[PDB]
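One chain comes next, on its own, written as structure tokens: the form deposited in one PDB entry.
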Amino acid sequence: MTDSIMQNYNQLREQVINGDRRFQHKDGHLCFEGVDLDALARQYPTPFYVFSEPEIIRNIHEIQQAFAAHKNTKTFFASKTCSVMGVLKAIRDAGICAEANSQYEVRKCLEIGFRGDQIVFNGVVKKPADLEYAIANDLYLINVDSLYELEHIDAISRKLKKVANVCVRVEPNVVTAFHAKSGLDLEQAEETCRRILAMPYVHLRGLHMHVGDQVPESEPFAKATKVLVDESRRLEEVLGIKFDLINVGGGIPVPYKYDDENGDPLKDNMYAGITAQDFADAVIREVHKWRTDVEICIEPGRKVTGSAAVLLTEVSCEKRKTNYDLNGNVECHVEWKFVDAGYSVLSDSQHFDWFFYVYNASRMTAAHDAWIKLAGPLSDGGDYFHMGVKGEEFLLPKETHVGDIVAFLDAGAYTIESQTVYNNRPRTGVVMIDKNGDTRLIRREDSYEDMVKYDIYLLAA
């Protein structure tokens, strides 16, 4: 029933402004950490993302509190989730470490103040130049993803006369051969470790795995960790060593739909099937069957920042399209609202069928009582938001007007670096709400100069 769907969506809306730790209402507008988002979107050109340092901190608290039963836990934010420097700075100041996924990610983590001993460098393609940069900067871990790459680590560590600290990525078969490009097979772990021990400037620290992203059950983490723990225990015996650590990766999910009573996480993984506590319980229980003193490294990405941003986008056009029958009578009307952000700004809404709550931030206390379709500004028929409240339809106040600010919630993970300049619309500015509730610009909107500065061409003037 649409009425029931509409009723439920407006219960969720009221819970946003009366129940959510992030949000309030003022002057009829959605507020984030006490910042009126309508007013903010009159101060900065839309579309833009606004991050909350307070919410990042709360998310980091949930993660670390979840691991209270294991004191030697080291937490590395997976920076492919978001690497805007001011976001990395908030995460650094909140007291955790960083995982990096390219040479330039390593460099920006170092620049913003993560020490080498606070950085893990992972990857399936770590070219000699990448490895040389990482080894020269004394990173806490460089993962070993393949035997081919390991030969470069040996050669380059010898060349620099600097120890490379490594963890061997093993991807358990919980078809992994066909569908998992990353890591070594379990069967290869022993000889790989044996070979690293013999290398003069490579130091074996432990094994690594990463299950995946937005994982809706605890069992995959428990099963995969058990495989890694059993192999770690066995190799300690066979090789006569004591591992420094085990790195169990990331994948803690974030709620993108909150009404769990109406959702099946295994069918719709926008429902978060598990909590950080569930992830920690599964991991710690398995590790403690082997050692309670070993360091556990975790690599959460999405959970750190996902809930901690909103995309603000201005309703910039409207139209009504009407389907008529062959006698000219109306079959239905469609109310299109156009916002100034499309899939070049919010990639996952299109490419990964990702749901984000959508509300009229300018009319946040008004009933969202009109079915509408929400379109982006790209000259591209597929640039509209398909992941609606009911099918492809969204709910906004019937009073919605051009000039209102629409907010997409839970827009803090995998939303910035994935933007494009398709249609030569610019990638967005980014604003940060700091711990004091003050705002500042932390990324500019791309300028026209940015569209062409990369190009090499004969000028005309």
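Position 1 is the first residue in the sequence shown; the rest follow in order. We call the rigid core the largest set of C-alpha positions that still match within 1.5 Å between the two forms.
Chemist: What number of residues from the deposited sequence go unmodelled in the gap from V174 to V175, classed as none, 1 to 3, 4 to 9, or 10 or more?
Modeler: Gap between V174 and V175: 4 to 9 unmodelled residues.
Chemist: Mean Cα B factor from the PDB record: higher for 329-337, or higher for 154-162?
Modeler: Going by the record's values, the stretch with the higher mean is 329-337.
Chemist: Comparing 134-142 with 274-282, where is the mean C-alpha B-factor higher?
Modeler: So the stretch with the higher mean C-alpha B-factor is 274-282.
Chemist: Quiz for you: based on the deposited Cα B-factor, which of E318, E191, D348, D380 is highest?
Modeler: Among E318, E191, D348, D380, the PDB entry lists the largest C-alpha B-factor for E191.
Chemist: Based on what the PDB entry reports, which of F385, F221, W354, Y104 has the top C-alpha B-factor?
Modeler: Spelled out: the listed residue with the top C-alpha B-factor is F221.
Chemist: Lowest, middle or highest third: where is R443 by C-alpha B factor in its chain?
Modeler: Bottom third by C-alpha B-factor.
Chemist: Among the chain's modelled residues, which third holds the C-alpha B-factor of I246?
Modeler: Lowest third - that is where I246 ends up once the chain's C-alpha B-factors are sorted.
Chemist: Select lowest, middle or highest to describe the third in which the CA B-factor of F114 falls within its chain in this entry.
Modeler: Its C-alpha B-factor belongs to the middle third of this chain's values.
Chemist: So where's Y324 on the chain's Cα temperature factor ranking, which third?
Modeler: Its C-alpha B-factor, which the entry lists for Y324, ranks in the highest third among residues of this chain.
Chemist: Could you place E393 in the lowest, middle or highest third of its chain by Cα temperature factor, using the values in the record?
Modeler: For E393, the deposited C-alpha B-factor lands in the middle third.
One more form of this protein should be noted, the form deposited in another entry, which is absent from this view; the next part is about it.
Chemist: Pick from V125, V330, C317, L266: whose Cα moves by 2 Å or more between this form and the one not shown, rigid core superposed?
Modeler: Looking at each option in turn, only one qualifies, and it is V330.
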